[PDB]
Number of protein chains: 2
Amino acid sequence: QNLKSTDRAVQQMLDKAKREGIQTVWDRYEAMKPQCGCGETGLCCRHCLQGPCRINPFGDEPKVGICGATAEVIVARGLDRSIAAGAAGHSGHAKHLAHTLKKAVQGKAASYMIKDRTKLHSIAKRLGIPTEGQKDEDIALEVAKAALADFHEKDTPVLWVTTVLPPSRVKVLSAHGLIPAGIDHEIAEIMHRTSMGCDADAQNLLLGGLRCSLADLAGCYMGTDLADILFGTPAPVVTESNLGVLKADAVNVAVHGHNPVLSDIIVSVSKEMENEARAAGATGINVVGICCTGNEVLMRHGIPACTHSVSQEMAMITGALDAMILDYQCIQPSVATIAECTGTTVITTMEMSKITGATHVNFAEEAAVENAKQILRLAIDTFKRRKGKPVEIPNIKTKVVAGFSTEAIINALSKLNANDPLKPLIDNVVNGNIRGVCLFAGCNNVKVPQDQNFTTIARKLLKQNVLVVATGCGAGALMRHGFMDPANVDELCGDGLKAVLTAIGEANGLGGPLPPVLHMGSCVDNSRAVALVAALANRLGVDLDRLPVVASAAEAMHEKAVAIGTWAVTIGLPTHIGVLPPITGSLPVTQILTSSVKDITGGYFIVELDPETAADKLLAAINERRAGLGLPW
Amino acid sequence: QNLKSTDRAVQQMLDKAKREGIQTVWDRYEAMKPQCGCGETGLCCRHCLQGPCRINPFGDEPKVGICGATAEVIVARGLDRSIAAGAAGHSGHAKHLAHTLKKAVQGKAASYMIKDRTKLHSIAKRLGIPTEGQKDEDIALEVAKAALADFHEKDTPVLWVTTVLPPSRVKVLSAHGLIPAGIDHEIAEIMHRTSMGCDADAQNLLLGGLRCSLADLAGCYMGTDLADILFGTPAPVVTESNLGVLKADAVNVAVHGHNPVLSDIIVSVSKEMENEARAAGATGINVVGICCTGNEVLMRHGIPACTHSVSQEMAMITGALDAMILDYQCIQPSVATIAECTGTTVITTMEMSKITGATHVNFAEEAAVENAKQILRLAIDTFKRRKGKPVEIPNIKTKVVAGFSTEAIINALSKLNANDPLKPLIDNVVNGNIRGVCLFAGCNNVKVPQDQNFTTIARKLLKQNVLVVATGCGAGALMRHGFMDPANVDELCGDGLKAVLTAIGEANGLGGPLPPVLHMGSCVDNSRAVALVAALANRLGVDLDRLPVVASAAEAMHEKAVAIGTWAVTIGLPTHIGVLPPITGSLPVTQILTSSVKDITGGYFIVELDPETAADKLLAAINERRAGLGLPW
Ligand code: SF4
Ligand code: SF4
Ligand code: FES
Ligand code: FES
Ligand SMILES: [Fe+3]
Ligand SMILES: [Fe+3]
């Protein structure tokens with residue numbers, strides 16, 4: 001079971017699933033081997049009904065697609081479509097938040113409001129909207145309008161790109177025509193240009209993909225902005241993670257997916273429903289988190305994270321998960337089938353995200369509170385049905401310090417320097433206490449023993465004094481193995497990093513260091529790390545491709561992770577990916593993505609499947625950046 | 001060679017290609033056999049980096065994707081993405097025309113203007129824009145604004161759907177939530193909902209696809225509207241088709257692709273460049289058409305159609321094709337490679353559609369005339385280089401009567417009834433002289449002997465008195481085999497159809513019938529057939545799913561054809577497809593698309609690979625519609 005997951009709680013539930021005959025994601029993976037190699041390397045195209053066209057990576061015919069598409073055109077078109085799909089996900093999430101905010105301030109959805117008015121005003125200022133003498137409702141209306149306008153062409157380019165990166169970075173990108181004109185505009189142009197008999201030049205196609213990845217960044221940054229306005233900017237919190245946060249005697253309710261628009265309501269509403277839960281024989285309602293909507297409510301409310309990504313089925317295998325409340329993205333549709341074995345009530349809430357066999361509750365922001373109680377009453381009912389059943393919850397959980405928004409990080413640092421908060425961080429980079437910064441992002445992947453790449457790479461960077469930040473299921477992986485527990489700083493961190501984390505923590509009244517890894521939130525909250533890195537660049541007066549900052553999508557799965565990896569490259573970062581993206585069938589495309597893009601954006605992909613080697617390569621990229629600034633390393 | 005193409009000119013050029021060693025689309029197809037069956041049936045998914053997930057159509061494991069996605073979810077997601085890609089193509093084309101028109105009336109592009117002011121006023125009226133007391137420039141500005149607004153969410157749904165179908169049809173579609181909210185909005189939502197861990201219910205997914213197909217119809221109808229305003233509504237024309245329209249002693253210039261924004265300029269500009277061509281030793285510039293941009297200039301100017309679709313390479317094999325001017329869509333990228341063997345200058349003109357090895361001229365509407373002369377001078381240069389070379393142009397061509405816009409058809413019929421022009425058509429349907437109407441649409445496919453399905457089905461419907469209309473490469477197939485020559489009416493048409501075609505032709509001063517098949521234009525001009533069918537429904541006071549009208553994508557290839565087939569079903573038509581779409585791996589999806597969608601929209605797919613059987617099935621669908629209206633059959 002160790003070959004499947006490094007998580008001990010997951011290993012325990014795999015044994016339970018095996019002996020009960022419940023098929024898991026790892027069993028379905030085993031049944032899929034040997035997997036198709038052509039697809040695995042990108043050398044397959046089904047973009048017209050003359051296909052499928054497959055090209056063998058090596059040997060004899062076929063060597064080109066039926067229409068004449070070369071290996072490099074086929075690879076580049078496939079990648080562009082996956083970038084577009086990721087952008088469509090992150091941007092659909094942000095779009096729903098934009099409508100939610102507009103409804104809130106237009107009197108239509110009273111469950112929603114401007115919770116962070118400071119953030120609302122900073123956003124409108126960054127965008128050029130008038131704060132002085134305006135009602136907040138009017139300002140927010142304008143912010144929601146600008147958000148929605150960024151999806152289509154207009155007289156300005158996408159503002160959630162051009163106003164969030166330094167002007168020098170926007171200049172480099174404009175010179176190559178990489179600034180998106182509109183988020184859904186770019187998505188559609190990708191789908192056009194990659195369709196049969198259209199763009200057939202690898203470099204032309206990949207430049208389009210870089211631009212579409214920036215549309216994805218815009219949607220990430222928009223999603224983070226709008227959720228912070230609506231639900232509050234995260235500040236440091238203390239909670240727990242892993243399966244042991246489930247409680248046999250409570251109504252256990254998982255919130256799962258990405259969009260917190262209803263799950264934030266679930267959180268507050270469940271608190272009111274406590275006595276109804278006690279009346280049913282439970283101690284209360286225990287809301288827990290799965291995947292990114294779990295990260296959202298962890299970041300803002302301290303909701304414990306139950307599990308993540310590849311291992312999400314294992315929460316139900318405990319037999320104690322009474323409800324799983326779903327919005328969209330990264331939900332294994334197998335949960336609907338597994339629910340008949342485990343008694344879990346699986347509920348979908350989003351019109352465009354249903355699963356055959358799951359109960360559907362038509363969530364509307366206008367009825368959110370009523371929708372929540374209906375869903376939670378179903379969870380209470382399910383708890384009743386299992387009264388007296390035995391459950392198997394692994395008694396395994398870790399302590400998690402999280403809530404490090406960029407505002408929270410700046411405030412932590414400001415306790416060492418009130419009017420130049422970034423200076424103590426830069427000082428410690430300059431003097432070597434902080435070698436550099438690494439962002440871990442993205443998913444788990446069934447092909448990688450769960451969390452193995454995240455923890456292996458994390459351990460080696462921390463020993464080398466890298467400041468490590470994390471989002472999404474990268475944060476999930478690190479949090480479930482103790483990397484967000486300050487009591488582990490001594491074991492994990494180099495001497496220089498320990499001193500800095502300790503200096504900041506002791507200045508924030510903690511009497512203990514910051515945690516070894518800073519949890520910056522969900523997948524769209526990768527945009528928080530961009531805001532921190534951009535503010536660092538603006539403070540140093542250099543572009544991002546000169547900073548000792550790198551990114552690692554160490555166990556990437558989703559098309560969203562591919563989009564994120566691509567805009568990290570596009571804004572200038574060396575970007576590790578720890579799973580093979582479908583590009584190895586074309587050396588020209590690989591050479592563009594890992595070498596010659598350096599001369600366009602300054603960033604580049606690092607494809608490395610061995611986690612110890614990936615750590616060496618990330619350190620080398622960090623150190624090259626250090627030497628380029630004249631620093632020691 | 002007969003197994004490859006039923007076109008004798010194509011067969012002759014295949015022999016030339018074989019003996020010169022030039023590899024063709026049919027050779028590349030042969031090298032691809034046996035093709036992957038899983039892909040061919042839809043049972044493959046690469047929507048995340050855990051894949052590819054393939055399911056065998058029959059037998060043992062694997063039976064589900066790694067994430068739990070069933071065969072029916074995988075099939076439905078793949079189809080939805082192909083519908084989205086088609087919509088992205090048709091809508092990108094329309095979007096470029098919208099910008100071209102706005103530039104024209106804003107004084108920025110003097111090569112462009114309002115050529116059809118009657119059409120401009122009818123469009124603004126259909127949309128609710130004020131004609132009275134407004135400059136045409138102001139009206140056109142508003143029309144272009146409404147066009148661009150239909151790409152994103154707003155207070156109205158997509159007007160190029162809701163204002164072009166009968167209100168009863170819009171009502172049926174609204175009741176199922178099928179009206180698009182915005183063209184690129186729907187494209188992106190498809191890419192979201194089909195990404196990993198999102199929509200996982202076949203019926204939910206296919207309803208989304210129906211709605212996205214209507215976004216494709218909107219883009220088709222927008223493209224036709226804007227091109228008619230800019231370049232004139234087609235009226236009946238006489239020309240020729242097939243390779244024999246090339247002339248050894250002229251500068252032969254093919255316009256190839258879909259968007260006529262530059263090719264219409266090529267047409268008029270080439271006329272001015274005649275003496276420069278004579279000075280070079282040519283008789284002049286012989287502009288000819290390939291694929292849909294060829295259909296555009298044929299419909300409006302009588303430009304001869306040289307060839308279409310699967311056989312486009314064969315035009316260059318003559319050795320007489322001096323330039324091939326490309327915009328986007330359905331261009332085999334092999335033309336760039338074949339050009340080094342044939343001396344052809346291949347020129348791309350669109351920023352998002354380049355081909356490695358082709359000369360690129362950066363067309364801008366603001367410099368269109370200058371761009372045209374530069375491209376045409378290159379064609380003159382290439383003619384010079386081949387002065388004295390032998391060429392092999394097959395002396396094979398057919399006579400083509402075309403230009404039957406819906407306005408042209410209504411005007412033809414109005415010579416039999418001036419103030420009720422649709423009545424003579426309906427009368428002859430009622431009394432049986434016209435059994436019904438069939439629209440042939442879409443591509444050639446290398447898997448089908450070129451034109452075999454179009455002509456076989458056409459021959460049997462015409463003998464049964466079906467009024468046959470055609471667009472795109474369906475029109476190309478029928479025109480190259482004599483189906484647009486009135487001299488063939490006697491051979492091809494039933495007695496009832498002959499009498500009607502003769503009655504209309506003799507009323508239009510022709511002294512001869514209309515041609516056996518009415519050429520309604522390019523692929524976006526499938527929207528013309530919708531306008532005719534909707535006007536027929538509105539005249540009879542019934543919905544489209546009660547009319548004896550059917551559609552046949554007899555040799556479908558492109559994702560655009562899949563979108564078109566799907567919106568024909570969605571507006572209510574029995575819709576034949578003569579190539580296997582990737583759906584046979586899921587019986588539930590097949591059953592939805594061919595049977596139970598009947599209860600939603602009234603239309604349905606007819607999947608039939610044998611052309612004689614497909615003809616019987618189309619006739620049966622026509623006759624069922626006849627009996628439902630109480631008519632004899
Ligand atoms: S677009 Fe080209 S390579 Fe792709 S399936 Fe069609 S013929 Fe094959
Ligand atoms: S989305 Fe599901 S079925 Fe598709 S490749 Fe990923 S794991 Fe496989
Ligand atoms: S041949 Fe396997 S992915 Fe297409
Ligand atoms: S396994 Fe052949 S299309 Fe994927
Ligand atoms: Fe996740
Ligand atoms: Fe074509």
# chains A, B, ... in the order shown; residues from 1 in each chain; ligands from 1
>>> residues_around(residues="residue 458 of chain B", least_positions_apart="4", cutoff="12 Å", atoms="only C-alpha atoms", output="PyMOL selection string")
chain B and resi 437-441+451-454+462-470+474-475+477-479+481-484+492-494+516-518+551-554+611-612+614-616+618-619
>>> residues_around(residues="segment 562-577 of chain B", least_positions_apart="3", cutoff="7 Å", atoms="only C-alpha atoms", output="CSV table (one decimal) with C-alpha atoms, in the first residue's frame")
chain,number,residue,atom,x,y,z
B,82,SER,CA,-15.6,18.7,-30.7
B,83,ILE,CA,-18.8,20.7,-30.8
B,86,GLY,CA,-16.5,23.7,-34.3
B,87,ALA,CA,-18.3,26.6,-32.6
B,210,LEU,CA,-26.9,21.0,-27.8
B,213,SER,CA,-24.1,23.8,-31.0
B,214,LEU,CA,-26.6,26.7,-31.1
B,216,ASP,CA,-22.2,27.5,-33.5
B,217,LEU,CA,-25.3,28.3,-35.4
B,544,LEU,CA,-39.4,23.0,-37.8
B,545,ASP,CA,-39.7,19.5,-36.4
B,549,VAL,CA,-36.8,18.9,-44.1
B,550,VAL,CA,-33.7,16.8,-43.4
B,551,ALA,CA,-30.0,17.3,-43.5
B,552,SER,CA,-27.1,15.0,-44.5
B,553,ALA,CA,-23.5,15.5,-43.4
B,554,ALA,CA,-22.7,12.6,-45.8
B,556,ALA,CA,-18.3,14.6,-42.4
B,558,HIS,CA,-14.2,18.6,-39.4
B,559,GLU,CA,-15.3,19.4,-35.9
B,601,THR,CA,-36.0,19.0,-29.8
B,602,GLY,CA,-37.8,16.9,-32.4
B,603,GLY,CA,-34.7,16.3,-34.4
B,604,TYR,CA,-32.4,13.3,-34.2
B,605,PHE,CA,-29.2,11.9,-35.7
B,606,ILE,CA,-29.3,9.2,-38.4
B,607,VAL,CA,-25.9,7.3,-38.4
B,608,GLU,CA,-25.7,5.4,-41.6
B,621,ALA,CA,-37.8,10.5,-42.2
>>> residues_near_ligand(ligand="ligand 5", cutoff="8 Å", atoms="only C-alpha atoms and all ligand atoms", output="list in words")
residues 257, 258, 290, 291, 292, 308, 309, 310, 329, 330, 331, 442, 443, 444, 472 and 473 of chain A
>>> write_last_selection(atoms="N, CA, C and O atoms", output="short mmCIF file (atom, residue, chain, number, x, y, z; two decimals), in the first residue's frame")
data_model
loop_
_atom_site.label_atom_id
_atom_site.label_comp_id
_atom_site.auth_asym_id
_atom_site.auth_seq_id
_atom_site.Cartn_x
_atom_site.Cartn_y
_atom_site.Cartn_z
N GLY A 257 -14.54 20.02 -3.99
CA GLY A 257 -14.63 20.81 -5.20
C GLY A 257 -13.70 22.01 -5.15
O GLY A 257 -12.62 21.93 -4.56
N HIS A 258 -14.11 23.13 -5.76
CA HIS A 258 -13.24 24.31 -5.84
C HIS A 258 -13.90 25.62 -5.45
O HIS A 258 -13.24 26.48 -4.85
N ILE A 290 -12.28 18.76 1.57
CA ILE A 290 -11.61 17.93 0.57
C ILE A 290 -11.23 18.83 -0.59
O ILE A 290 -12.01 19.71 -0.98
N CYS A 291 -10.02 18.66 -1.09
CA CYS A 291 -9.52 19.39 -2.26
C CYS A 291 -9.62 20.90 -1.99
O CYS A 291 -9.51 21.34 -0.83
N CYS A 292 -9.83 21.71 -3.04
CA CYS A 292 -9.59 23.14 -2.92
C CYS A 292 -10.72 23.88 -2.21
O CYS A 292 -10.44 24.86 -1.49
N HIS A 308 -7.30 14.83 0.23
CA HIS A 308 -7.08 15.55 -1.01
C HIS A 308 -7.00 14.60 -2.20
O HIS A 308 -6.52 13.47 -2.09
N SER A 309 -7.47 15.09 -3.35
CA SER A 309 -7.00 14.66 -4.68
C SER A 309 -7.11 13.15 -4.85
O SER A 309 -8.21 12.60 -4.68
N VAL A 310 -6.03 12.45 -5.15
CA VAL A 310 -6.11 11.06 -5.59
C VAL A 310 -6.79 10.20 -4.53
O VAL A 310 -7.48 9.23 -4.87
N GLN A 329 -14.90 20.36 -10.35
CA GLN A 329 -13.47 20.22 -10.61
C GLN A 329 -12.81 19.23 -9.65
O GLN A 329 -12.93 19.36 -8.43
N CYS A 330 -12.12 18.23 -10.22
CA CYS A 330 -11.27 17.29 -9.50
C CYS A 330 -12.05 16.32 -8.63
O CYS A 330 -11.48 15.64 -7.79
N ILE A 331 -13.36 16.20 -8.85
CA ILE A 331 -14.17 15.24 -8.12
C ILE A 331 -14.18 13.94 -8.92
O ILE A 331 -14.74 13.89 -10.02
N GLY A 442 -0.50 22.37 -7.55
CA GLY A 442 -1.06 21.31 -8.33
C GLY A 442 -1.47 20.11 -7.50
O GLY A 442 -1.57 20.15 -6.26
N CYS A 443 -1.66 19.01 -8.20
CA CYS A 443 -2.47 17.87 -7.79
C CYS A 443 -1.58 16.77 -7.23
O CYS A 443 -0.35 16.87 -7.23
N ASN A 444 -2.21 15.68 -6.77
CA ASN A 444 -1.61 14.35 -6.77
C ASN A 444 -1.95 13.66 -8.10
O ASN A 444 -2.93 14.00 -8.77
N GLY A 472 -3.11 24.44 -3.03
CA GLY A 472 -3.87 23.32 -3.58
C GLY A 472 -3.50 22.01 -2.94
O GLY A 472 -3.26 21.92 -1.73
N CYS A 473 -3.42 20.96 -3.76
CA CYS A 473 -3.06 19.64 -3.25
C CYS A 473 -1.57 19.50 -2.98
O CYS A 473 -1.16 18.53 -2.32
#
>>> closest_residue(among="B:52, B:343, B:289, B:424", to="chain A", atoms="only C-alpha atoms")
B:52
>>> residues_near_ligand(ligand="ligand 2", cutoff="7 Å", atoms="only C-alpha atoms and all ligand atoms", output="list in words")
residues 45, 46, 47, 48, 49, 50, 51, 52, 53, 65, 66, 67, 68, 69, 74, 195, 196 and 197 of chain B
>>> write_last_selection(atoms="C-alpha atoms", output="PDB file, in the first residue's frame")
ATOM      1  CA  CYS B  45      -9.860  10.147 -22.728  1.00  0.00           C
ATOM      2  CA  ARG B  46      -6.740  12.270 -22.303  1.00  0.00           C
ATOM      3  CA  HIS B  47      -8.369  15.068 -20.290  1.00  0.00           C
ATOM      4  CA  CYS B  48      -5.860  14.698 -17.444  1.00  0.00           C
ATOM      5  CA  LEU B  49      -2.263  13.546 -16.940  1.00  0.00           C
ATOM      6  CA  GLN B  50      -3.352  10.284 -15.382  1.00  0.00           C
ATOM      7  CA  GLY B  51      -4.443   9.142 -18.854  1.00  0.00           C
ATOM      8  CA  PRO B  52      -4.751   8.093 -21.541  1.00  0.00           C
ATOM      9  CA  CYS B  53      -7.715   6.078 -20.357  1.00  0.00           C
ATOM     10  CA  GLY B  65     -11.433   5.578 -16.609  1.00  0.00           C
ATOM     11  CA  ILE B  66      -8.960   5.955 -13.784  1.00  0.00           C
ATOM     12  CA  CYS B  67     -11.029   8.687 -12.096  1.00  0.00           C
ATOM     13  CA  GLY B  68     -14.192   6.584 -12.433  1.00  0.00           C
ATOM     14  CA  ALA B  69     -15.440   8.186 -15.669  1.00  0.00           C
ATOM     15  CA  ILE B  74     -16.043   9.774 -21.714  1.00  0.00           C
ATOM     16  CA  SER B 195     -12.439  18.736 -17.783  1.00  0.00           C
ATOM     17  CA  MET B 196     -11.459  16.136 -15.197  1.00  0.00           C
ATOM     18  CA  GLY B 197     -13.692  15.791 -12.154  1.00  0.00           C
TER      19      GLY B 197
END
>>> residues_near_ligand(ligand="ligand 4", cutoff="7 Å", atoms="only C-alpha atoms and all ligand atoms", output="number ranges by chain")
A: 36, 39, 44, 46, 52; B: 36-40, 44-45, 52, 54
>>> write_last_selection(atoms="N, CA and C atoms", output="short mmCIF file (atom, residue, chain, number, x, y, z; two decimals), in the first residue's frame")
data_model
loop_
_atom_site.label_atom_id
_atom_site.label_comp_id
_atom_site.auth_asym_id
_atom_site.auth_seq_id
_atom_site.Cartn_x
_atom_site.Cartn_y
_atom_site.Cartn_z
N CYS A 36 -1.55 3.49 -23.18
CA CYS A 36 -1.15 3.80 -24.55
C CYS A 36 0.02 4.77 -24.55
N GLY A 39 -0.48 8.24 -26.88
CA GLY A 39 -1.16 9.26 -26.11
C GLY A 39 -0.27 9.84 -25.02
N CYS A 44 -0.90 11.61 -30.48
CA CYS A 44 -2.19 11.17 -30.97
C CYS A 44 -3.08 12.38 -31.14
N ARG A 46 -7.18 13.40 -32.34
CA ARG A 46 -8.54 13.07 -32.72
C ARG A 46 -9.33 14.33 -33.05
N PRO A 52 -8.55 8.40 -35.35
CA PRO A 52 -7.39 8.96 -34.66
C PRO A 52 -6.13 8.79 -35.46
N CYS B 36 -6.66 3.17 -34.50
CA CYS B 36 -7.03 2.79 -33.14
C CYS B 36 -8.55 2.73 -33.01
N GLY B 37 -9.05 1.59 -32.55
CA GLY B 37 -10.48 1.40 -32.47
C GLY B 37 -11.10 2.15 -31.31
N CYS B 38 -10.43 2.14 -30.15
CA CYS B 38 -10.92 2.85 -28.96
C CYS B 38 -11.20 4.30 -29.28
N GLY B 39 -10.21 4.98 -29.86
CA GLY B 39 -10.43 6.35 -30.30
C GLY B 39 -11.58 6.45 -31.29
N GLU B 40 -11.58 5.57 -32.29
CA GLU B 40 -12.60 5.57 -33.35
C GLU B 40 -14.03 5.49 -32.81
N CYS B 44 -11.76 6.79 -25.52
CA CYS B 44 -10.45 7.20 -25.04
C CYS B 44 -10.55 8.61 -24.49
N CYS B 45 -9.87 8.84 -23.38
CA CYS B 45 -9.86 10.15 -22.73
C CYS B 45 -8.43 10.49 -22.36
N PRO B 52 -3.44 8.28 -20.90
CA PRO B 52 -4.75 8.09 -21.54
C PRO B 52 -5.52 6.95 -20.92
N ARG B 54 -8.23 4.29 -21.91
CA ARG B 54 -8.98 3.70 -23.01
C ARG B 54 -9.82 2.58 -22.45
#
